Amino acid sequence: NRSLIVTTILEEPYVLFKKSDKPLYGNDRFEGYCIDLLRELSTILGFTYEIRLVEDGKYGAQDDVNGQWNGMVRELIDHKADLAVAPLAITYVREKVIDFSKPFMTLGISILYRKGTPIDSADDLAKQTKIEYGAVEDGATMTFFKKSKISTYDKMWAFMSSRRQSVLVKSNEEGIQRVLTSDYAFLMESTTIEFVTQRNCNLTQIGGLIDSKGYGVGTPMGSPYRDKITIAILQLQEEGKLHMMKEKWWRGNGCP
């Protein structure tokens, strides 16, 4: 029964500040899917924890000049947190430097856009330059296009790469706003798209999932929590609890 430090990041509906008229204290300031998941994990494993929002505000990417990591990944590497419980994508490059639990949610990159247009796939966007499109700078989604040898997606990356300053945004809050107020398609993880489209009733996911990945709890390399967390996740999945938590948090405010 250690007391752990858990790093996480603000992103609805995984983690948000709980609405209140007066200051809330400590872990009580937060709510969301990942907050509920962290509570269920602590019940099973028997630990208390302090939630600390990641200090530099980032998920985790590697500086290609100096090799250094940032974000929640770096916090784990440096043993500044015990666990990262967030919508943090399990990717090849990250799994090499930290230990992820098995996934608690499965998803893929897709496209956020306006409802009734001729666009129907990544190919449709890749073909033309008239409708702009991008992703959040330095997330797994942007990293995917940058590294992809796949035809359409190297082509999409050229468009993005040569327009880094315009089409790449700094957050999801900013991407969504750009979709809503300009002619722009936002490349984004499908779970987040599904939350957005149950709120902004004039937006939609375009096409299928472009790839496949999961979110996992991050731990430092070698951590004894990693396997215990994987086993607790499997228990919660088999009890129906992960599904119930997803329904709780994605229950859109009634989108006609």
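All residue numbers are counted from 1 along the displayed sequence.
For the pair 79 to 87 and 165 to 173, the mean B factor over Cα atoms is greater in 165 to 173. As the entry records it, the average C-alpha temperature factor is higher for 244 to 252, out of 244 to 252 and 13 to 21. Each of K149, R74, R94, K102 has a CA temperature factor in the record; the biggest one is found at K149. Per the deposited coordinates, the residue with the largest Cα temperature factor out of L107, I119, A140, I111 is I119. In this PDB entry, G214 carries a Cα temperature factor that places it within the lowest third of its chain's modelled residues. Split the chain's modelled residues into thirds by C-alpha temperature factor. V65 is in the highest one. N202: CA B factor lies in the highest third for its chain, per the PDB record. Sort the chain's modelled residues by C-alpha temperature factor and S3 lands in the middle third, per the entry.
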